[PDB]
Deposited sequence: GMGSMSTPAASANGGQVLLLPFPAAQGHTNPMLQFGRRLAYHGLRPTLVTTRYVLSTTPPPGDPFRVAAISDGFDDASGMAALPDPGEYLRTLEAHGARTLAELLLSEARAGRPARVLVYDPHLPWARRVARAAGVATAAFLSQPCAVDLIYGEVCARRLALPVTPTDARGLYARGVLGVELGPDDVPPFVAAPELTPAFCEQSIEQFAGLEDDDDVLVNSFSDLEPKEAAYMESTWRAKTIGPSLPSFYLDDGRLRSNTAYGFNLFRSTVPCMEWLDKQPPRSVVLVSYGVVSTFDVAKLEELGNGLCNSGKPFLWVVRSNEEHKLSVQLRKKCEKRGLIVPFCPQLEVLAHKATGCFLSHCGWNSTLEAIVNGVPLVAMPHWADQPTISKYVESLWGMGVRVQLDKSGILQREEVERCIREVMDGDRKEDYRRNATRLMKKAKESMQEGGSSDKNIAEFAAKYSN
């Protein structure tokens, strides 16, 4: 009866929506995770308190994304099959005596809203990106900013007290500042907001103290309510643990605050040359490091670079990232600065080396370095290349610089406020409780 519909196969949208769903189950609601038939056949289910249900994206037996690597093509296929099968699911669930009370959906599936509203099901948008990025996309949707969005447009928003930092060219969201590079992602980013005013509720995985001006503006403009960081309650010190993963055993043997965790997420791909610069930078830093290089990227790693990494590092295809970040051995996180990774670092008080690619990452990386003060951003050379020397410099700058304590201080400060927000009486907890009562 509360249906949860993340963008399919995006763990960064899945995890936080499941964590919201767990808190709703605490309040006595009944959550169901809605995923594709493919993901359902090929992934273990979430377990209690969740039911699971399926829709189709056109590809029930193979990965549709794999088959349809042009983003606009995959997204029109998902819309056509998904909208049909979501409507069928709303009816089958009602016929099975489990009518949906509300659909909480990722607005990167904007067809979900129309499908649900036409079945008479309430709708709640769930934004898994930061308010600062979200509100820029909403301004374009509302026809208050043209494309492309410029630094001058961002400076206006700063001047008006809506953004808390002045975004330059390398900081504005590329999907709207350089829309020709990613047409389908531009349109998807802006369409999140088309019809959002028709929703019963709008939720965002952030907390007001982290993004005060932006959260306030999202609330006044879009009715968006902060409900994050939407993470396991253990990490938030909310009293209302420890795996057997082999990389964790490695981490246990390293000294306190010694290790660099390295990940560029599950989406972006790095060519052989970029992997070479990244891995050599890690080895040249002299620090112990845990390098996540996905199974689907690891063919790009040479024998000699892997051997070089054996001295002080460990390369894995996946790690339990929250458990790593919480570990006493972890000193910093060299991250692409996707929002889930950034929130996970904040909740654990871990300083950041930001290596953004696209989406929300450039904007987050500017916040990290220039407002929040919790790390540094790598500087690309004149031709856009990340050099091993710069990877190394940034690692050493956060772990050893004159400013080491500045990044730590800010990470810790933010950590405390993130926990406050989710604990009883906190700004995000209040919004969760409001929602749970509404739908009880």
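Several segments of the deposited sequence have no coordinates for C-alpha: 1-15, 256-266, 467, numbered from the first residue.
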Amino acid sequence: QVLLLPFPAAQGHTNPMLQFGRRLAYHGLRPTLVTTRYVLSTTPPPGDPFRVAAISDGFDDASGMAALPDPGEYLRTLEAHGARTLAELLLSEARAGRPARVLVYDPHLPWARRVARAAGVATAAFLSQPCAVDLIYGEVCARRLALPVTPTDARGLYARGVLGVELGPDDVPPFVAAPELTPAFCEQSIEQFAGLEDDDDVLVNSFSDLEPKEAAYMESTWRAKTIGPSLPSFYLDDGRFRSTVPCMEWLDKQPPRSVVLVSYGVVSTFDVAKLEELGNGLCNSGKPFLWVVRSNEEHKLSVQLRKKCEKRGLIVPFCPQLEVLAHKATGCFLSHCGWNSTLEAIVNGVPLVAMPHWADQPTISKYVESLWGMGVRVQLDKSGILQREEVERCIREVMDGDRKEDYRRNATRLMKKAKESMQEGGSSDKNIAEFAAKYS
From here on, numbers count along this sequence of modelled residues.
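As the entry records it, the average C-alpha temperature factor is higher for 56-64, out of 56-64 and 373-381. For the pair 404-412 and 35-43, the mean Cα B-factor is higher in 35-43.
Annotation for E344, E73, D200, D134: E73 ranks highest, by Cα B-factor.
For the set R257, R98, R144, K213, the PDB entry assigns the largest Cα B-factor to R98. Among the modelled residues of the chain, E139 sits in the lowest third by CA temperature factor in this PDB entry. Among the modelled residues of its chain, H81 has a C-alpha B-factor that falls in the highest third according to the deposited record. In this PDB entry, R306 carries a Cα temperature factor that places it within the middle third of its chain's modelled residues. In this PDB entry, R312 carries a Cα temperature factor that places it within the middle third of its chain's modelled residues. Ranked against the other modelled residues of its chain, the C-alpha B-factor of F126 as given in the entry falls in the lowest third.
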